Amino acid sequence: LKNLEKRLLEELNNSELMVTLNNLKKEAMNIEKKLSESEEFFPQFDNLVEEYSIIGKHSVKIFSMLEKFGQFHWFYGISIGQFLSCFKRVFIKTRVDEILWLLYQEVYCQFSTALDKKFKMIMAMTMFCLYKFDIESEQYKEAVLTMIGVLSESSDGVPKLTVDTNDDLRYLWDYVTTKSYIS
Amino acid sequence: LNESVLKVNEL
Amino acid sequence: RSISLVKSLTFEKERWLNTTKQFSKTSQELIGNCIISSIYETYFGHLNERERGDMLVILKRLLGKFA
């Protein structure tokens, strides 16, 4: 269309002719009609990107974390190719949450071997924090943060206990109150 | 274009 | 054919009128646009996105300072 407009201007400034401009206008109208017909698939793409924005931002959060690890130590560096291969292996091996689950377990099982023991614990704990951030509620996040803080000897305090509490927080509270810190 | 329009209007 | 061509080019005529109206604004801002384009060409090959944005804000406010 842009080339047609430029050619129309050049041909009009170059001086049969009326038929040529009529043909150019008809071609432009046909192009506009083609675009108008082709503009009938955008809402599906918008729905797909709105559905997959969560997994996209989770993946870029993981990649930013791994870049931070690579900035810490020269061995822990990471490129985009290995991450892409891991994501492809996820698909080779309530739906979007299931792919997000598979992504977290595959990325942990792939990048555990690239870290030592302390960084293994770091990575496992922080993926646990991110998943419980996205899936669980605000009280869950506050309890997890304050329990990490009392593990950190910085913010000492009891977590938020509710009547219909999940068993995982009770088990971890019992593990940390017994001073079984490695457990 | 204006000259062509003027020629069409005059004729 | 000539009358039909004249009647069928109203959109082209109003687009040309709009371009001739906006020619004053494009000629007024041509020098600043060339300045900032050369600034990207010779100063932003080795900068990150947020650094590019901050330096762009600084350049824009400093270019608007000199009117």
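Read the figures in this text as sums done on the coordinates, not as results from a lab. In this analysis, Cβ positions are derived from the backbone assuming ideal geometry, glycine residues included, and neighbour counts consider all displayed protein chains.
Quick rundown of the values:
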{"item": "Any chance C:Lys13 is basic (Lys, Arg), within 14 Å of chain A (Cβ to nearest Cβ) and closer than 30 Å to A:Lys25 by Cα", "result": "yes"}
{"item": "Residue in the range A:10-19 that is under 30 Å from A:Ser112 (Cα atoms), in a helix (DSSP H, G or I) and hydrophobic (A, V, I, L, M, F, W, C) present", "result": "no"}
{"item": "Some residue of the range C:3-19 being more than 30 Å from A:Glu16 (Cβ to Cβ), surrounded by 12 or more Cβ atoms within 10 Å (Cβ to Cβ) and not hydroxyl-bearing (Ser, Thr, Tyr)", "result": "no"}
{"item": "Filter result for A:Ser152 (loosely packed, with under 15 Cβ neighbours inside 10 Å, within 18 Å of A:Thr126 (Cβ to Cβ), under 31 Å from the mean Cα position of the chain (by Cα) and hydroxyl-bearing (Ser, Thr, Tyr))", "result": "yes"}
{"item": "Condition broken by C:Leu63, with the remaining ones in (1) surrounded by 10 or more Cβ atoms within 10 Å (Cβ to Cβ); (2) within 14 Å of another protein chain (Cβ to nearest Cβ) satisfied", "result": "(2)"}
{"item": "Matching residues in the range A:9-43 - criterion: being touching a helix residue (DSSP H, G or I) at 6+ places or on another chain (Cβ under 9 Å) and either away from chain C (no Cβ under 14 Å) or of a type in the set (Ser, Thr, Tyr) (or both)", "result": "A:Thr20"}
{"item": "Qualifying positions in the range A:65-84 - of a type in the set (A, V, I, L, M, F, W, C) and in a loop (DSSP other than H, G, I, E, B)", "result": "A:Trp74, A:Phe75, A:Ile78"}
{"item": "Residues of the range A:87-98 classified as more than 13 Å from A:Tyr131 (Cα to Cα), of a type outside the set (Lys, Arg) and in a helix (DSSP H, G or I), total", "result": "5"}
{"item": "Of all residues making up the range A:135-168, the number that are in a loop (DSSP other than H, G, I, E, B) and either among the small types (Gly, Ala, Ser) or within 21 Å of A:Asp97 (Cβ to Cβ) (or both)", "result": "7"}
{"item": "Some residue of the range C:34-42 being surrounded by 10 or more Cβ atoms within 10 Å (Cβ to Cβ), β-branched (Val, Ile, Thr), within 14 Å of chain A (Cβ to nearest Cβ) and within 14 Å of the chain's Cα centre (by Cα)", "result": "no"}
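Condition check ((1) polar (S, T, N, Q); (2) loosely packed, with under 11 Cβ neighbours inside 10 Å) across all residues:
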residue	(1), (2)
A:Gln44	yes, yes
A:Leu48	no, yes
A:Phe63	no, no
A:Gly70	no, no
A:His73	no, no
A:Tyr76	no, no
A:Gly81	no, yes
A:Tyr108	no, no
A:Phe111	no, no
